[PDB]
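This report refers to the structure that appears directly beneath it.
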Amino acid sequence: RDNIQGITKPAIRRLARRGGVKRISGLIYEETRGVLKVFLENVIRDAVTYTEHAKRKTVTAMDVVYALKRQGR
Amino acid sequence: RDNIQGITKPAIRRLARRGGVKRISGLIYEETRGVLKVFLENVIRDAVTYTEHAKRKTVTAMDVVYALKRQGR
Amino acid sequence: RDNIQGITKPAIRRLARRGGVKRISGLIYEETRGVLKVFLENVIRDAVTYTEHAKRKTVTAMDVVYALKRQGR
Amino acid sequence: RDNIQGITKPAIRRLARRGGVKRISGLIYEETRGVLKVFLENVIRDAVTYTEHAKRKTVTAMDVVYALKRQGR
Amino acid sequence: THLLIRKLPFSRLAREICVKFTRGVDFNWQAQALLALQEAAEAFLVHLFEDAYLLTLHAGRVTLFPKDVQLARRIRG
Amino acid sequence: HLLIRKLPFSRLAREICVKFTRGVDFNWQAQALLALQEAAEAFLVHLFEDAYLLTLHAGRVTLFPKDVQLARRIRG
Amino acid sequence: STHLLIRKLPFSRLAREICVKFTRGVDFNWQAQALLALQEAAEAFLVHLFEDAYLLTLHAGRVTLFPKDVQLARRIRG
Amino acid sequence: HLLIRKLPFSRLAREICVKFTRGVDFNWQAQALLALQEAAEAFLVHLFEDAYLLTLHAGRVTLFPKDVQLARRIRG
DNA sequence: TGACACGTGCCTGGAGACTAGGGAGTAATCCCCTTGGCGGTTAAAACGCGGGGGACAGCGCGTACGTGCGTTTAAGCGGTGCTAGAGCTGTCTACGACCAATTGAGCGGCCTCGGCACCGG
DNA sequence: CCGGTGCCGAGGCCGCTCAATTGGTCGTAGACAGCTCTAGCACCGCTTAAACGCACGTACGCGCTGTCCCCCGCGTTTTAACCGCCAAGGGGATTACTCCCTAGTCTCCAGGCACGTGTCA
């Protein structure tokens with residue numbers, strides 16, 4: 001398997017249910033996976049940069065909070 | 001006076017000379033000031049965020065280096 | 001007349017033409033006027049705060065620039 | 001025939017039409033072909049490196065995606 | 001790149017809103033200030049129309065509606 | 001209350017961290033992984049909600065990928 | 001706007017040739033989906049480059065794209 | 001050796017920092033201000049040489065604001 | 001060992017190349033006013049000595065605090081085959097609602113002047 | 001302790017596009033059906049969250065040290081703002097031109113398929 005494929009179809013369906021959507025096209029799963037990967041890439045890049053700034057080898061919750069703040073609104 | 005005008009016209013002219021330009025329109029100075037302000041805003045925002053991550057009250061050279069890395073190429 | 005009505009239908013049509021739209025519903029004009037008013041309200045509020053902060057009776061171009069920065073991205 | 005010449009003039013013209021250009025100089029086709037070749041070289045080099053890293057003999061879609069990611073923005 | 005809204009009506013409206021926010025106290029508006037404000041309002045309306053027309057072409061329709069602007073605003077935030 | 005399974009998302013996050021750190025694998029705190037997963041969940045849920053606002057607008061009940069793409073284009 | 005503008009077989013041939021050039025005689029199996037993705041990306045890059053080069057051509061008085069209008073765009077972009 | 005004066009750029013950087021810190025101003029290490037000024041001047045010089053590449057190709061000799069704007073658009 | 005890519009063969013419409021027509025954007029030039037570049041000057045903000053004061057970054061160390069792992073399990077969860085039905089999409093239609101165009105004209109923009117409001121050197 | 005800059009209101013001219021009315025038409029919401037695809041039921045595998053120990057890398061807080069930030073004076077200093085003359089050129093208009101836009105036709109081929117063959121973790 002590919003590691004991106006571990007986020008299975010029923011997980012995306014459940015997220016979509018929480019988003020209030022009633023019906024789901026077959027291709028959306030693949031597209032959603034790409035979108036999610038992009039988001040994660042950006043956030044994780046910022047988090048890791050913060051980690052390097054802190055002269056640490058462990059990404060902390062604060063690293064993630066700062067990455068999210070500087071990435072999304 | 002306003003603080004952006006302290007970056008005087010001859011300074012922008014000298015920067016332009018280093019850029020190899022022989023003649024300079026009167027409006028370029030104003031436009032350049034706006035551009036520079038935008039750049040500084042972005043860099044300083046990132047630097048200050050890094051400073052807050054380090055739980056410091058003094059912006060260090062490393063804060064600026066990280067801001068520059070994450071902002072420009 | 002009302003002062004908001006001075007922004008006539010052909011002006012909104014021309015702005016829409018610059019936006020690339022080929023056909024325009026009759027109600028859009030009214031909605032657009034409301035939207036514009038909201039935008040102006042917000043920007044002008046910030047501008048006036050900046051003016052009052054400087055304790056002056058003149059809204060300068062820099063006041064507007066700061067309002068725009070603090071309002072839209 | 002040369003293999004680069006299989007990308008015919010009307011194909012480059014169609015790409016240019018999609019790029020919004022109305023008129024096309026005769027030499028652009030040759031120059032464009034060179035540019036495209038350079039791009040392909042870089043992307044394919046990265047893709048093949050990924051393929052060798054994956055200990056595979058078949059270039060996969062993921063190899064190309066990774067090459068594109070590491071090559072263009 | 002010229003203004004498509006005539007300068008005097010927009011100046012009237014801007015001064016009206018400044019009057020509302022200042023309880024009627026008149027803060028004088030510099031010419032460059034009103035010019036920049038009108039530039040920004042114009043650009044904002046043009047971008048909102050390009051977004052509402054993206055909505056319209058997504059719906060298959062050719063004409064904007066009072067719905068495509070409300071939805072462009074709701075999605076933009 | 002995590003919708004995505006914890007360990008697959010952990011695997012993916014560590015893969016991307018190895019991507020960006022150029023070989024060095026950072027120790028990921030459990031708090032960091034949960035915060036990142038909750039943020040990704042919330043982002044995907046909001047994107048689905050906006051895409052369904054688009055699809056209902058276009059006279060449909062099934063959201064296609066093209067409207068997730070349009071929502072992403074509008075949001076900026 | 002989405003449909004591929006370049007014929008698939010000649011572009012796949014060129015991709016295979018450039019692949020051979022780098023490994024110096026090793027023929028890799030090229031998955032058809034990889035060809036489609038590479039062609040999509042190549043066409044998108046070309047279209048964007050023509051867009052920027054036409055932005056440069058609009059700057060000057062001319063309306064027709066030239067070689068230098070693309071060379072300068074490539075130099076400025078990176 | 002920098003073209004822009006040290007103190008005007010220092011004051012401007014401090015103002016822009018106050019903008020983003022809700023009025024509290026952090027002490028700026030002089031080396032940090034020097035590095036920031038070096039970076040700003042190098043960015044401005046590169047933007048100017050790109051804009052002159054643009055204006056030389058437009059048949060002109062004098063730099064214009066639209067030249068810088070188009071250079072910024074093409075770069076990114 | 002089983003799923004996936006490479007070379008032959010047809011053909012049929014789908015597309016590549018040519019030249020007939022041409023005109024319109026591309027190339028070279030003149031000058032007119034605009035508007036940068038340079039000569040003089042002085043002072044007003046810049047910039048290194050120099051005392052001085054110290055808030056705070058940087059480094060060292062202890063401690064427990066959270067990471068990764070060996071191993072289970074089982075049980076909620078995922079992959080899947082089949083199914084009934086609900087929506088997507090292709091198509092007909094017709095009628096309310098838009099776009100172009102001209103005409104009286106009503107408010108904007110330039111021109112100018114009287115009056116005051118006001119932070120300020 | 002008064003002053004130059006700028007807005008508000010008014011008198012008044014052009015000008016040019018604003019509103020309305022006409023016609024033309026169009027395109028889109030409703031209706032209708034084939035398709036398709038998909039949410040769910042039911043089976044069987046599966047693999048993951050938590051629990052035991054288990055060792056252990058190291059994050060963080062506390063303390064000590066220096067150390068450069070902030071401050072001002074201050075002598076110097078040197079170059080920015082301003083003004084005026086000199087002259088380089090942006091560009092609008094003018095004239096020539098040449099080569100790339102349509103495009104119908106002769107000719108090459110993309111690929112849909114049908115098949116056979118070799119290949120790799």
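Every residue number used here counts from 1 along the chain in the order it is shown.
This deposition comes from electron microscopy, 3.7 Å.
Cβ coordinates come from backbone N, Cα and C, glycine included.
Going by Swiss-Prot, these are the annotated features:
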- B:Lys9: SUMO2 cross-link (CROSSLNK)
- B:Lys9: UFM1 cross-link (CROSSLNK)
- B:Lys37: SUMO2 cross-link (CROSSLNK)
- B:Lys57: SUMO2 cross-link (CROSSLNK)
- B:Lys69: SUMO2 cross-link (CROSSLNK)
- B:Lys69: ubiquitin cross-link (CROSSLNK)
- B:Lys9: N6-glutaryllysine (MOD_RES)
- B:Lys9: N6-succinyllysine (MOD_RES)
- B:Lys9: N6-(2-hydroxyisobutyryl)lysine (MOD_RES)
- B:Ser25: phosphoserine (MOD_RES)
- B:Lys55: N6-(2-hydroxyisobutyryl)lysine (MOD_RES)
- B:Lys55: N6-butyryllysine (MOD_RES)
- B:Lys57: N6-glutaryllysine (MOD_RES)
- B:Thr58: phosphothreonine (MOD_RES)
- B:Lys69: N6-glutaryllysine (MOD_RES)
- B:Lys69: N6-(beta-hydroxybutyryl)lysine (MOD_RES)
- B:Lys69: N6-succinyllysine (MOD_RES)
- B:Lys69: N6-propionyllysine (MOD_RES)
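With respect to their backbone Cα atoms, B:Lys37 (SUMO2 cross-link) and B:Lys9 (SUMO2 cross-link) stand 15 Å from each other. Neighbour counts of Cβ atoms within 10 Å were compared for the modified residues B:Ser25, B:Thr58, and the top value is held by B:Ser25.
Of the recorded residues, B:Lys9 (SUMO2 cross-link) and B:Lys69 (SUMO2 cross-link) place their C-alpha atoms 29 Å from one another. If you count neighbouring Cβ atoms within 10 Å for each of the recorded positions B:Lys9, B:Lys37, B:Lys55, B:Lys57, the highest count belongs to B:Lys37.
Listed recorded positions B:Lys9, B:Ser25, B:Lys37, B:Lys55, B:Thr58 compared with chain F at a CB cut-off under 8 A give none as close ones. When Cα-Cα distances from B:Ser25 (phosphoserine) are compared across the recorded positions B:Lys55, B:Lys57, B:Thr58, B:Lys69, the shortest belongs to B:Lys69. B:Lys69 (SUMO2 cross-link) counts 13 other C-beta atoms within 10 Å of its own C-beta, drawing on all protein chains shown.
A straight line from the CA of B:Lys69 (SUMO2 cross-link) to the CA of B:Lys57 (SUMO2 cross-link) spans 21 Å. Under DSSP, the residue listed as 'phosphothreonine' is assigned to a strand (E or B) in the three-state scheme. For chain A, the nearby recorded positions by a Cβ gap under 8 A number none, drawn from B:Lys9, B:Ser25, B:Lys37, B:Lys55. Annotation note: B:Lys69 (SUMO2 cross-link) sits in a helical segment as assigned by DSSP. A helical conformation is recorded for B:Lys9 (SUMO2 cross-link) in the three-state DSSP classification.
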